[PDB]
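What follows is a single structure, and I will ask about it in a moment.
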Amino acid sequence: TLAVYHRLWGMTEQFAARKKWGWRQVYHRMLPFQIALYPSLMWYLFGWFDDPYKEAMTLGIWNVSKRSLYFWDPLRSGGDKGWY
Amino acid sequence: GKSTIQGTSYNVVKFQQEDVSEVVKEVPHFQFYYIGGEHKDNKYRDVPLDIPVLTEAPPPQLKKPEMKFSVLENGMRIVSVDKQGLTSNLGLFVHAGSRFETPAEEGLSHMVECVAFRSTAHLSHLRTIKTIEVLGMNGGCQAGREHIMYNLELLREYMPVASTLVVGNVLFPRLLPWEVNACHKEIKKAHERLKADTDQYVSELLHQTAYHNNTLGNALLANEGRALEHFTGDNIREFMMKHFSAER
Ligand SMILES: CCCCCCCCCCCCCCCCCC(=O)OC[C@H](COP(=O)([O-])OCC[N+](C)(C)C)OC(=O)CCCCCCCCCCCCCCCCC
Ligand SMILES: CCCCCCCCCCCCCCCCCC(=O)OC[C@H](COP(=O)([O-])OCC[N+](C)(C)C)OC(=O)CCCCCCCCCCCCCCCCC
Ligand SMILES: CCCCCCCC/C=C/CCCCCCCC(=O)OC[C@H](COP(=O)(O)OCCN)OC(=O)CCCCCCC/C=C/CCCCCCCC
């Protein structure tokens with residue numbers, strides 16, 4: 001019967017490894033939230049980057065020609081040197 | 001048959017000294033933790049239940065059940081029947097019921113039932129009950145007028161574990177003061193359970209009246225007043241030394 005007790009004692013020997021695995025599975029389930037976090041950050045920080053990085057970050061969809069007709073810096077509407 | 005005990009012949013089982021390392025190989029395999037694993041998709045995920053999926057089943061081996069009798073060198077008698085079912089029913093019966101109580105020992109038989117499956121020499125209370133739960137076993141203890149029974153119902157592959165747990169109740173229980181004090185709750189629950197069953201409650205009234213203040217008239221359940229004075233680990237141990245023995 002001591003053998004049985006040995007098995008019952010030993011079935012929890014690896015508690016630290018099992019609790020680590022538990023938390024590793026909670027973190028695995030939280031990785032998908034990155035899909036929304038990262039684009040939201042770049043969405044809020046877009047105005048911080050320089051124009052050439054704005055263009056590259058959007059694969060060229062955004063460029064200087066895409067700035068609004070009334071740019072917040074009116075002297076730079078239509079380009080850095082103005083419309084004409 | 002090597003020994004005749006109280007009119008029945010038993011086969012004597014000799015004690016043997018076995019190294020703990022050798023026996024450990026024979027203990028049923030089970031786990032409490034599943035740290036990782038090997039992923040495997042359910043192969044029958046697309047198979048309806050009406051289609052058989054098992055092939056090459058070994059031919060069955062049927063034997064007519066027979067009751068067999070054996071006894072250990074310490075005097076514990078062993079009786080088993082194998083009906084070839086898949087669930088076992090282990091039962092330990094001790095010849096110590098309420099009828100053997102003296103008036104100063106009122107309710108001690110019920111108290112023994114209340115402290116069942118608590119801490120033993122080689123296992124804690126929590127570890128015993130979590131092992132019973134994880135392996136899917138059910139059971140308990142019931143104290144009667146002439147005997148007290150410990151029973152477990154389990155899948156038969158885990159019999160080695162179940163037998164050890166049941167025996168530990170009578171071999172070396174630690175009747176620790178704080179564990180016993182936590183069992184005072186069960187007395188009130190036992191009364192409620194008894195009184196709910198009107199047929200059984202009337203039966204107890206019959207026996208108390210039929211046998212006035214003697215063996216079969218002793219109350220089955222301990223009261224929750226003055227009886228709690230001797231609801232102690234020390235008192236329970238003294239009672240067990242009087243009546244619990246391998247011969248009974
Ligand atoms: C198998 C598929 C592979 C997928 C990836 C590769 C193929 C994708 C499809 C083709 C495009 C290839 C990439 C081209 C990009 C060109 C960008 C560019 O030059 O833009 C111009 C801009 C501005 O350059 P410019 O100012 O000189 O002007 C460009 C010139 N004109 C104006 C004419 C267009 O440059 C950049 O923005 C350069 C950005 C480079 C970024 C490199 C990142 C590398 C990875 C960093 C990892 C950081 C995390 C580390 C983690 C550590 C571990 C935890
Ligand atoms: C393991 C192998 C992996 C690859 C497998 C093969 C398939 C993929 C291979 C792709 C390689 C080819 C990439 C071509 C890039 C051309 C960039 C260019 O000329 O930009 C000039 C533009 C414009 O240059 P500009 O700023 O000088 O503009 C001049 C404008 N005019 C003419 C009016 C004066 O530059 C940029 O916008 C800079 C950033 C570049 C964009 C980011 C890197 C390239 C991304 C490629 C995406 C491909 C997907 C399909 C298209 C998506 C958009 C609809
Ligand atoms: C759970 C708590 C959450 C708390 C969140 C707090 C609120 C966060 C608000 C997010 C704001 C995002 C940034 C907005 C920037 C706007 C950019 C913009 O419009 O640009 C204005 C104007 C544009 O000028 P241009 O001539 O085009 O040239 C600039 C360079 N190319 O100027 C800029 O772009 C400058 C922008 C500078 C942004 C600096 C960003 C970095 C700041 C670091 C912050 C670190 C915080 C750490 C907090 C730790 C707390 C424990």
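Keeping to the range B:209-236, report how many residues are assigned to a helix (DSSP H, G or I) and surrounded by fewer than 15 Cβ atoms within 10 Å (Cβ to Cβ).
7
Determine if the range A:13-26 includes at least one residue that is farther than 30 Å from residue B:27 by Cβ, free of Cβ contacts under 8 Å to residues at least 60 places away in the same chain, surrounded by fewer than 10 Cβ atoms within 10 Å (Cβ to Cβ) and away from ligand 3 (no atom under 15 Å from the Cβ).
Yes - at least one qualifying residue is present in the range A:13-26.
Additional query: For the range B:81-120, give me each residue that is among the hydroxyl-bearing types (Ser, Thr, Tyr), exposed (fewer than 13 other Cβ atoms within 10 Å of the Cβ) and within 18 Å of residue B:163 (Cα to Cα).
B:87, the sole residue that qualifies.
Same structure, new question: Residue under question is residue B:32, and the condition is that it be hydrophobic (A, V, I, L, M, F, W, C), surrounded by 11 or more Cβ atoms within 10 Å (Cβ to Cβ) and not in a loop (DSSP other than H, G, I, E, B); does it hold?
Criteria not met by residue B:32.
With the checklist (1) of a type in the set (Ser, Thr, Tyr); (2) in a helix (DSSP H, G or I); (3) more than 15 Å from ligand 3 (Cβ to nearest atom) in hand, flag the one item residue A:38 doesn't pass.
Status for residue A:38: all satisfied but (3).
Tell me whether the range A:42-54 contains one or more residues that are touching a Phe, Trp or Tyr at 6+ places or on another chain (Cβ under 7 Å) and either within 16 Å of ligand 1 (Cβ to nearest atom) or within 14 Å of chain B (Cβ to nearest Cβ) (or both).
yes
Let's see how each residue does on (1) within 14 Å of another protein chain (Cβ to nearest Cβ); (2) surrounded by 11 or more Cβ atoms within 10 Å (Cβ to Cβ):
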site	(1), (2)
B:3	no, yes
B:7	no, no
B:27	yes, yes
B:38	no, no
B:50	no, no
B:55	no, no
B:71	no, yes
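Could you run through the range A:50-62 and say how many residues are away from ligand 3 (no atom under 14 Å from the Cβ) and not hydroxyl-bearing (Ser, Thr, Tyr)?
3
Under 6 Å by Cβ, and 6 or more places apart or on different chains, what pairs join a residue from the range A:30-56 that is within 24 Å of residue A:77 (Cβ to Cβ) with one that is within 8 Å of ligand 3 (Cβ to nearest atom)?
Qualifying pairs under 6 Å: none.
May I ask you to say which residue of A:32, A:39 is surrounded by 10 or more Cβ atoms within 10 Å (Cβ to Cβ), more than 12 Å from every other protein chain (Cβ to nearest Cβ) and within 15 Å of the chain's Cα centre (by Cα)?
The match here is A:39.
Out of all the residues in the range A:63-75, is one or more away from ligand 1 (no atom under 16 Å from the Cβ) and in a helix (DSSP H, G or I)?
Yes - at least one qualifying residue is present in the range A:63-75.
Okay, moving on. Which one of these is of a type outside the set (S, T, N, Q) and away from ligand 2 (no atom under 16 Å from the Cβ): A:83, A:62, A:72?
A:72
Check whether at least one residue in the range B:236-246 is out of contact with any helix residue (DSSP H, G or I) (no Cβ under 7 Å at 6 or more places or on another chain), among the small types (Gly, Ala, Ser) and within 30 Å of residue B:73 (Cα to Cα), and report yes or no.
Yes: one or more hits.
While we're on this one: For the range B:137-150, check the following and say yes or no: at least one residue is under 12 Å from the mean Cα position of the chain (by Cα) and within 14 Å of chain A (Cβ to nearest Cβ).
yes
Exactly one of (1) surrounded by 10 or more Cβ atoms within 10 Å (Cβ to Cβ); (2) among the hydroxyl-bearing types (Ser, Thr, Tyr); (3) within 16 Å of ligand 1 (Cβ to nearest atom) is unmet by residue A:1. Its number?
Residue A:1 satisfies every listed condition except (3).
When you go through (1) out of contact with any strand residue (DSSP E or B) (no Cβ under 9 Å at 6 or more places or on another chain); (2) closer than 30 Å to residue B:2 by Cβ one by one for residue B:103, which number turns out not to apply?
Condition (2) is where residue B:103 drops out.
How many residues are surrounded by fewer than 18 Cβ atoms within 10 Å (Cβ to Cβ), outside any helix (DSSP H, G or I) and not charged (D, E, K, R) if we restrict to the range B:150-174?
3
Cβ: placed from backbone, ideal geometry, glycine included. Neighbour counts: every protein chain shown. Quick note: the coordinates plus some simple rules give every number you see, no bench work behind them.
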